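The structure appears below as structure tokens.
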Amino acid sequence: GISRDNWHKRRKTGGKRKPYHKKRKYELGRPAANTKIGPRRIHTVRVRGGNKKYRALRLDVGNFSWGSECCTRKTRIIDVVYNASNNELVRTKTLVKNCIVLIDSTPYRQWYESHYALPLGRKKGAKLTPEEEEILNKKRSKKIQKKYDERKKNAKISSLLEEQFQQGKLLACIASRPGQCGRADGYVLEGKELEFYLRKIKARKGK
Amino acid sequence: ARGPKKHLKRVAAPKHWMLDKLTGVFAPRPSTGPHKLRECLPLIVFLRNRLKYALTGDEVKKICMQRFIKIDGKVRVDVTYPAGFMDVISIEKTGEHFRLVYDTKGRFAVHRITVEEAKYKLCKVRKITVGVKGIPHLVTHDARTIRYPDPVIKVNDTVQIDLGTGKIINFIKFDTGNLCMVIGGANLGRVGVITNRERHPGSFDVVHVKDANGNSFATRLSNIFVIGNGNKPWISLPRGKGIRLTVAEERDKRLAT
Amino acid sequence: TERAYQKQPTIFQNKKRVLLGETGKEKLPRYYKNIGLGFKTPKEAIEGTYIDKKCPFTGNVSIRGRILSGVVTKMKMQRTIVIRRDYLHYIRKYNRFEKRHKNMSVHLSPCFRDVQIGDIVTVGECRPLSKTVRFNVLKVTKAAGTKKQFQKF
RNA sequence: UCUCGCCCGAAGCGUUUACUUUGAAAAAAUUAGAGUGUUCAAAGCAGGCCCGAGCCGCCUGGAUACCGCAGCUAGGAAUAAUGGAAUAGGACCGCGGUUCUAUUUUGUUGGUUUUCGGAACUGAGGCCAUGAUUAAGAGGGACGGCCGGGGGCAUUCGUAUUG
RNA sequence: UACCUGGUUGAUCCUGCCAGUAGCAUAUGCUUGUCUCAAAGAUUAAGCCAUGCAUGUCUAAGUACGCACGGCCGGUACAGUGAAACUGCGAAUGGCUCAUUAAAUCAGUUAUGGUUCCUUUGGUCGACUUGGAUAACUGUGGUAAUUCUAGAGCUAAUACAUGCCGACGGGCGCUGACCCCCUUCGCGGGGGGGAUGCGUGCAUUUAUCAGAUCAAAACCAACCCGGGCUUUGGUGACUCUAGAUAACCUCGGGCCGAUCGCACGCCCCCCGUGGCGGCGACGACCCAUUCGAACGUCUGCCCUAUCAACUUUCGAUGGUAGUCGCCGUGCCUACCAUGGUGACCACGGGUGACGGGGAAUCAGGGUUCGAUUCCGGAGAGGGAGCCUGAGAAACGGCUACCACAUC
RNA sequence: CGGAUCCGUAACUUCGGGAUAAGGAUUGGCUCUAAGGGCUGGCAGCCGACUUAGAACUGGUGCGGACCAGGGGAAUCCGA
RNA sequence: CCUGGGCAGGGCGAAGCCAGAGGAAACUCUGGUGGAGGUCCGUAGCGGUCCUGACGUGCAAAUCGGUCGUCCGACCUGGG
Ligand SMILES: [Mg+2]
Ligand SMILES: [Mg+2]
Ligand SMILES: [Mg+2]
Ligand SMILES: [Mg+2]
Ligand SMILES: [Mg+2]
Ligand SMILES: [Mg+2]
Ligand SMILES: [Mg+2]
Ligand SMILES: [Mg+2]
Ligand SMILES: [Mg+2]
Ligand SMILES: [Mg+2]
Ligand SMILES: [Mg+2]
Ligand SMILES: [Mg+2]
Ligand SMILES: [Mg+2]
Ligand SMILES: [Mg+2]
Ligand SMILES: [Mg+2]
Ligand SMILES: [Mg+2]
Ligand SMILES: [Mg+2]
Ligand SMILES: [Mg+2]
Ligand SMILES: [Mg+2]
Ligand SMILES: [Mg+2]
Ligand SMILES: [Mg+2]
Ligand SMILES: [Mg+2]
Ligand SMILES: [Mg+2]
Ligand SMILES: [Mg+2]
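Residue numbers (the authors' numbering), protein chains in the order written: chain BI, 2 to 208; chain BE, 2 to 258; chain BL, 6 to 158.
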């Protein structure tokens with residue numbers, strides 16, 4: 002019964018428009034589904050033209066793209082911080098189009114080891130994690146190729162992303178609509194946007 | 002109204018179908034096809050009303066499903082199948098190969114053609130695009146979507162199409178000096194050489210054309226069909242070159258009889 | 006700077022230029038749209054700083070349809086101004102005209118600085134931006150008097 | 001302008017409305033109006049010639065005119081308004097310098113530099129017939145010999161009336 | 001037919017109105033022979049309806065063991081007609097009426113590059129046949145009846161579902177044991193090959209990279225030849241289309257034929273136990289066209305000032321993000337700014353107001369109607385919500401309220 | 001009825017009033033969110049104030065929970 | 001008459017002043033500030049409307065309990 006219509010509105014001046022329609026079919030309104038952080042649960046919605054819409058009532062998985070290095074892996078959604086449109090949905094933990102998700106930083110560590118060897122995030126222990134870190138021994142000139150990847154390109158992921166990898170959480174921005182396509186797809190906050198949202202979260206925790 | 006329309010009135014019918022006011026209430030609504038309702042001509046109008054092959058429409062409905070009348074090579078089962086400009090109509094028993102060219106007054110002038118030209122067909126390119134795996138597609142106003150056409154086809158060109166295989170050949174471009182035929186507006190059926198195009202940034206460009214014995218007119222790009230190459234039409238057009246002389250010259254021709 | 010929550014239309018920021026450590030310039034990743042139509046893009050959209058979603062030279066707002074002209078009346082509405090279009094209406098009975106005008110609101114792009122009240126502005130049709138805004142400011146033509154003059158303080 | 005093939009296409013193209021002349025512009029019916037002996041006519045979109053039935057037939061119409069007002073295009077420059085150059089921050093041509101980049105030849109790639117193409121800024125000089133239509137039997141203002149029971153304030157005089 | 005006449009006065013002239021004059025379309029009175037057309041419960045009551053109808057549908061081509069008719073008819077399912085059902089399509093059309101509605105609806109003109117789209121038209125379509133369920137049908141019933149239905153048995157498929165083979169693996173990305181050449185005593189540097197393992201195609205949802213107008217050299221290091229070489233299209237405009245890069249592709253799961261009919265021939269082989277199958281019906285992921293729908297731009301509408309300020313806590317105007325929606329949107333939400341309209345008549349009322357193309361009225365100019373056969377809108381007593389469906393807030397669909405109203 | 005907050009308030013008039021007019025909604029507990037400042041260095045950092053508004057959850061509709069505390073309206077006569 | 005003492009808190013929001021908007025002018029509209037008054041609800045104080053309540057050989061030869069009018073003043077009150 003929700004009408005997104007525009008015939009119940011005032012004019013340029015503010016004169017009340019007289020009603021004569023009966024809230025027709027081509028001006029539907031469906032209720033909002035606040036996408037929680039629980040398990041995966043998606044219902045269906047019939048759309049005019051026979052189309053199908055995927056309403057995500059609650060989600061656990063996500064697909065988030067790393068910015069600079071162009072990598073994208075699976076992600077468990079952890080926590081909802083700083084909606085920046087309505088602060089009630091931060092406490093409600095509702096996934097919207099422009100929101101911030103804490104990526105569990107585990108599925109990027111395997112790619113960073115596999116392409117950007119001598120990795121980080123080992124809290125300067127240098128004795129743990131028998132990973133196969135030093136087993137394949139890097140026989141041929143692809144060792145030299147990884148040396149070009151590691152020291153000539155120099156792999157600078159400067160200290161903001163260093164501290165986020167040490168904490169194990171990665172601040173990311175959603176880029177898709179969770180209530181429309183049923184997907185919490187997004188990208189990783191990088192650089193100036195990263196420090197801007199970090200400053201906003203720090204000031205919100207401060208005041 | 003709710004959904005699409007379903008009937009058509011004789012009064013709301015277009016003028017170029019030569020329909021009556023006393024014969025019936027409803028007009029034959031053409032089915033969906035390659036041509037819009039204002040620029041098409043149904044088979045029941047082509048048979049019952051124009052050529053006078055059957056008096057009633059039920060006989061036309063019987064013969065079009067008794068598989069006599071075919072359009073562009075294949076048989077159409079619909080009595081109200083749309084057939085617009087430049088469509089080859091042949092029925093299988095005698096020499097009857099009709100071309101749906103436009104009369105000078107705007108009607109559908111009949112034109113019986115020899116089989117060696119009835120095998121072929123011209124058609125105007127509507128647009129050109131690229132599709133899956135980087136292949137070129139061409140959309141025709143005859144609702145022909147063909148792949149791998151050619152690289153040197155402008156959007157407003159005219160390409161000869163084969164009816165037996167669906168193969169394109171003999172593209173002619175929109176150039177100053179090509180014989181065109183106007184297919185819409187107030188000057189439809191006008192045959193003339195393209196003289197001067199004038200472009201405009203408002204997504205619609207105008208074209209002044211000239212024809213023989215010193216006459217010139219103007220039209221728009223949505224109503225231009227290139228038919229020839231320098232006073233050499235690829236399709237023979239009936240009743241002279243298809244020229245509107247003057248109403249007074251028409252009266253003088255009727256007095257000369 | 007910015008006084009909102011996020012301003013980044015299309016251009017990806019981080020090239021990760023740091024191979025030995027340098028700051029450099031950051032005004033190079035800027036989106037630059039040509040509107041066509043034979044109308045010159047101003048240099049404020051070239052060496053500017055603003056980020057606008059509804060800008061005809063920065064945002065995805067396409068210019069189509071009609072092109073009209075008016076005179077600017079007010080500035081008090083945020084990032085969009087109200088213009089006035091005086092015209093005459095022919096009347097068949099009395100066989101002469103009368104003045105009519107319809108005030109329209111139009112999205113003033115922030116690249117068009119020095120947009121003082123009284124200047125003849127060119128507007129173009131676009132998609133519906135808001136409830137009463139449909140046009141978009143395209144080119145400011147007239148200086149609306151002598152800008153050469155200067156008063157005390 | 002000769003940037004793309006001694007002239008032209010082409011692009012810079014319009015200071016912009018008001019007004020006119022074209023041209024597209026729309027959907028029919030209706031209105032004026034073409035043809036037609038529906039027995040004339042209101043209508044209708046029909047019908048007409050040859051053939052003793054035997055030409056397994058031919059020919060033609062079903063147009064045009066209006067469609068204001070609003071919108072689009074191409075010509076017209078009289079009529080009515082609008083800014084150009086007044087504290088010159090103007091107009092052309094020719095000069096000095098700073099920063100930057102798209103792509104081509106040095107056989108190719110990688111690093112450096114210039115001419116070139118242009119945007120951005122800046123200094124001097126030459127050049128214009130260098131730039132302001134004169135002041136309406138329009139108006140505002142100024143000067144000065146007046147003029148008026150014009151207005152305000154203060155003063156002065158005159159009988160008469162009453163006591 | 002560019003038209004008047006009588007009436008104030010004892011009489012005359014003038015302003016002035018009244019009354020005659022003539023169409024038009026409603027009613028009514030009197031009268032009426034032929035014939036061609038011909039509007040016709042609009043005005044008050046968009047008030048109430050008894051009764052009868054107005055939406056059904058089968059091809060050689062979806063499913064036929066009906067107990068119905070019967071081909072010659074023997075048997076290795078099915079000759080054919082085939083009532084009734086299951087399935088798909090349409091019932092969102094047509095007809096009726098003008099009650100609401102005064103920049104609202106409509107009319108002229110422009111675009112969706114800001115969306116969807118039944119059907120048709122073309123492209124794309126790269127396990128010798130599986131599983132339950134059920135109607136019609138047979139017997140058994142209930143009530144006062146309805147287009148009411150239960151429980152027992154049965155069977156079907158293009159209703160539902162599940163799911164296999166082909167097809168060589170082409171080519172590419174990342175790791176990749178090992179191998180060749182040149183130099184150095186080895187260490188070391190450069191160039192060139194090479195199986196396993198993860199991926200792979202179109203769409204969905206992300207993020208990134210490369211993507212056209214412009215020609216002449218000079219220094220330093222590596223390598224090919226005999227001083228010398230390399231590329232999608234369109235718009236006036238793209239965040240358009242098209243490529244490459246890493247992953248999801250969502251159990252309410254995009255596609256990649258477990259379908260039917262006609263004509264019946266051909267080839268190899270040890271047998272056909274294998275192929276060669278020509279044409280037609282179904283939508284099937286997507287792309288365009290077509291029937292449209294939808295919100296958009298400008299301009300245009302009757303009277304009233306005894307309607308001069310209106311709108312804004314229950315968005316009024318704009319911005320920032322988000323939600324919903326088919327998408328562009330104060331359509332909705334949180335924050336921020338205080339806006340927006342009006343004497344060029346907004347706002348507030350009435351219309352015996354659906355808007356036009358049109359109709360009547362004979363100089364020109366105008367005036368008054370247009371419910372009415374065409375187009376577009378609105379509603380099916382008032383008014384709200386919704387399944388199905390591509391398309392409805394549908395009413396010869398449903399659900400609940402009010403006023404009626406049948407057994 | 002009574003306090004407080006948010007709406008909305010007539011006849012009449014000396015235009016001041018009438019008015020706390022009339023008539024409605026909320027009021028508890030517990031978590032939060034936003035806003036309202038000072039002091040140092042040439043925008044960054046340390047320290048406290050009880051106020052307002054909004055949201056969720058919950059208790060047997062219970063919330064001025066005791067106490068504190070205007071029933072109201074239409075009129076007539078007289079005295080301002 | 002002289003000389004001293006005292007009157008808790010809230011409501012209404014006058015003059016004056018500031019800012020914004022309109023108008024050619026006269027001036028008008030809106031949002032604040034301000035705290036005026038023989039002003040309102042109300043305590044102490046001062047009087048005593050009603051229950052014609054209690055008492056009524058009483059606490060009292062005039063008192064008590066509620067309900068009361070007014071409480072910045074034409075206010076209450078000590079001493080000379
Ligand atoms: Mg805190
Ligand atoms: Mg209908
Ligand atoms: Mg009369
Ligand atoms: Mg709100
Ligand atoms: Mg009405
Ligand atoms: Mg007339
Ligand atoms: Mg007239
Ligand atoms: Mg509409
Ligand atoms: Mg309806
Ligand atoms: Mg009724
Ligand atoms: Mg119906
Ligand atoms: Mg009263
Ligand atoms: Mg009172
Ligand atoms: Mg009295
Ligand atoms: Mg008294
Ligand atoms: Mg008092
Ligand atoms: Mg009182
Ligand atoms: Mg009192
Ligand atoms: Mg007492
Ligand atoms: Mg007593
Ligand atoms: Mg006693
Ligand atoms: Mg008291
Ligand atoms: Mg009291
Ligand atoms: Mg008092």
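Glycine residues also receive a C-beta, built at the ideal position from the N, C-alpha and C atoms.
Through-space distance from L119(BI) to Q111(BI), alpha-carbon basis: Along the first sequence, read from residue 1 onward, the residue named residue 111(BI) stands at position 110. Along the first sequence, read from residue 1 onward, the residue named residue 119(BI) stands at position 118. So the alpha carbons of these two residues sit roughly 12 Å apart.
Determine the direct distance from the alpha carbon of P61(BL) to that of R71(BL), and round the result to whole angstroms. Mapped onto the third sequence, residue 71(BL) falls at position 66. Mapped onto the third sequence, residue 61(BL) falls at position 56. Rounded to the nearest angstrom, the two C-alpha atoms are 15 Å apart.
Under 9 Å (Cβ pairs) to chain BI, residues found in the stretch 14-45 of chain BL: Answer in chain order: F17, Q18, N19, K20, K21, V23, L24, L25, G26, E31.
Which residues, taken in chain order from the stretch 58-83 of chain BI, show a beta carbon closer than 8 Å to some beta carbon of chain BL? For chain BL, the residues of the stretch 58-83 of chain BI that bring a beta carbon within less than 8 Å of one of its beta carbons are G68, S69, in chain order.
Give the interface partners of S160(BI) over in chain BL, defined as CB-CB distance under 9 Å, in chain order. Locating residue 160(BI) in the first sequence gives position 159, where the first residue counts as 1. By Cβ distance, chain BL contributes nothing, its closest Cβ being about 12 Å from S160(BI), past 9 Å.
Taking buried to mean at least 16 other C-beta atoms within 10 Å of its own C-beta, is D163(BE) buried or exposed? The residue you call residue 163(BE) lines up with position 162 of the second sequence. In this structure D163(BE) is exposed. Its beta-carbon is surrounded by fewer than 16 other beta-carbon atoms within 10 angstroms.
Output the residue ranges of the alpha helix (DSSP H) runs that lie fully inside the stretch 116-159 of chain BI and measure 4 residues or longer, sorted by chain position. Correct list: 143-148.
Could you name the residues of the stretch 87-108 of chain BL whose beta carbon sits closer than 7 Å to any beta carbon of chain BI, in the order they occur along the chain? Hits within the stretch: zero.
Alpha carbon to alpha carbon, how far is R178(BI) from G16(BI)? Give it in angstroms, no decimals. Along the first sequence, read from residue 1 onward, the residue named residue 16(BI) stands at position 15. Along the first sequence, read from residue 1 onward, the residue named residue 178(BI) stands at position 177. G16(BI) and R178(BI): Cα-Cα distance of roughly 36 Å.
Under 8 Å Cβ-Cβ, which residues of chain BL neighbour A85(BI)? Counted from its first residue, the first sequence places residue 85(BI) at position 84. Correct list: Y10, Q11.
Best match in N157(BE), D158(BE), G135(BE) for proximity to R148(BE) [C-alpha to C-alpha]: Stepping through the second sequence from its first residue, residue 148(BE) is reached at position 147. Distance check between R148(BE) and each of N157(BE), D158(BE), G135(BE) places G135(BE) closest, using alpha-carbon atoms only.
By the three-class DSSP mapping on this structure, what secondary structure does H106(BL) have? Start at 1 with the first residue of the third sequence, and residue 106(BL) comes out as number 101. Of the three classes helix, strand and coil, the one that applies to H106(BL) here is strand, per DSSP.
Residue environment, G2(BI), which counts as buried when at least 16 other CB atoms sit within 10 Å: Locating residue 2(BI) in the first sequence gives position 1, where the first residue counts as 1. By the C-beta density criterion, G2(BI) is exposed, having fewer than 16 other C-beta atoms within 10 angstroms.
Neighbourhood of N50(BE) by C-beta distance below 7 Å, restricted to the same chain and skipping five residues each side: Along the second sequence, read from residue 1 onward, the residue named residue 50(BE) stands at position 49. Cβ neighbours of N50(BE) beyond the five flanking positions: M19.
For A2(BE), verify whether its CB is less than 7 Å away from any heavy atom of ligand 2. The residue labelled residue 2(BE) in the question sits at position 1 within the second sequence. True, at least one ligand heavy atom lies under 7 Å from that Cβ.
Looking only at its own chain, which residues have a Cβ that is under 6 Å from the Cβ of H44(BI), when we skip the five neighbours before and after it? Stepping through the first sequence from its first residue, residue 44(BI) is reached at position 43. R56.
In or out: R22(BL) buried (at least 16 other Cβ within 10 Å) or exposed? The residue you call residue 22(BL) lines up with position 17 of the third sequence. So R22(BL) counts as exposed.
With a Cβ-Cβ cutoff of 8 Å, do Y83(BI) and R205(BI) count as a contact? Sequence index remark: in the first sequence, residue 83(BI) carries index 82 (1-based). Sequence index remark: in the first sequence, residue 205(BI) carries index 204 (1-based). The answer is yes: Cβ separation under 8 Å.
What alpha helix (DSSP H) runs, 4 residues minimum, are completely inside the stretch 37-81 of chain BE? Within the stretch 37-81 of chain BE, the complete alpha helix (DSSP H) runs of at least 4 residues are 58-64.
Can you list, in chain order, the residues of its chain with a C-beta nearer than 8 Å to that of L189(BE)? Leave out the 5 residues immediately preceding and following it. Within the second sequence, residue 189(BE) is the residue found at index 188, counting from 1. So the list reads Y103, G107, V183, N224, once near-sequence residues are dropped.
Quick check: is the beta carbon of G192(BI) nearer than 8 Å to any beta carbon in chain BL? As a working note, residue 192(BI) is residue 191 in the first sequence. Yes, contact with chain BL.
Would you check if the distance between the CB atom of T78(BL) and the CB atom of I125(BL) is smaller than 8 Å? Along the third sequence, read from residue 1 onward, the residue named residue 78(BL) stands at position 73. Along the third sequence, read from residue 1 onward, the residue named residue 125(BL) stands at position 120. Judged by their CB atoms, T78(BL) and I125(BL) are not nearer to each other than the 8 Å cut-off.
CA-to-CA distance, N216(BE) to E28(BI), given in whole angstroms: Along the first sequence, read from residue 1 onward, the residue named residue 28(BI) stands at position 27. Along the second sequence, read from residue 1 onward, the residue named residue 216(BE) stands at position 215. Looking at the two C-alpha atoms, the distance is approximately 54 Å.
What is the residue span of the beta strand (DSSP E) that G207(BI) lies within? By 1-based counting over the first sequence, the position of residue 207(BI) is 206. Counting along the chain, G207(BI) falls outside any beta strand (DSSP E), though it belongs to the alpha helix (DSSP H) covering 193-207.
Closest to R18(BI) by C-alpha separation, out of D6(BI), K26(BI), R25(BI), would be which residue? Here the question's residue 18(BI) lines up with position 17 in the first sequence. Taking each of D6(BI), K26(BI), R25(BI) in turn and checking the Cα distance to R18(BI), the smallest one comes out for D6(BI).
Reduced DSSP secondary structure (H/G/I, E/B, other) of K30(BL): For this step, residue 30(BL) is matched to residue 25 along the third sequence. Reduced to three states, the DSSP call for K30(BL) is coil.
Go through its chain and collect everything with a Cβ distance to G165(BE)'s Cβ below 8 Å, but skip five positions before and after it. By one-based count along the second sequence, residue 165(BE) stands at place 164. The answer, listed in chain order, is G74, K120.
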